[PDB]
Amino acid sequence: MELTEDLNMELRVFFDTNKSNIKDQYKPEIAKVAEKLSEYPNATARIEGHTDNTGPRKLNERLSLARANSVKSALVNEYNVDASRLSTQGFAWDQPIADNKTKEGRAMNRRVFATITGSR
């Protein structure tokens, strides 16, 4: 007998300008991700952070990575997920998903998108 269940999950977290903290509104989503990572012990997560295009380049390279690491930290420290199962990478303002010329668009760009995949 061959039995496989494949998990596919996408997480989206947004941040305030120049901030890398996890706003309470996203805790329920992060909790759901931790739950599935427990339900699928072999699953891994690709966490990628981003920034809008305002401010010094290096500040944003660092900030984008800090955002991705903030999500990883929440999973690792609050939910005890094995750190090695999660990758983090920052892309500064290089991959926008919205218009940087508006407040709303910049808000969409200050984000962390994570893809969780794996089978059991």
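One-based numbering along the sequence shown.
As listed in the deposited structure, the average C-alpha B-factor of 56 to 64 and of 26 to 34 is greater for 26 to 34.
Stretch comparison (91 to 99 versus 38 to 46) by mean CA B-factor in the PDB entry places 38 to 46 on top.
In the deposited entry, the Cα temperature factor of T51 places it in the lowest third of its chain's modelled residues. The PDB entry assigns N109 a C-alpha temperature factor belonging to the lowest third of its chain's modelled residues.
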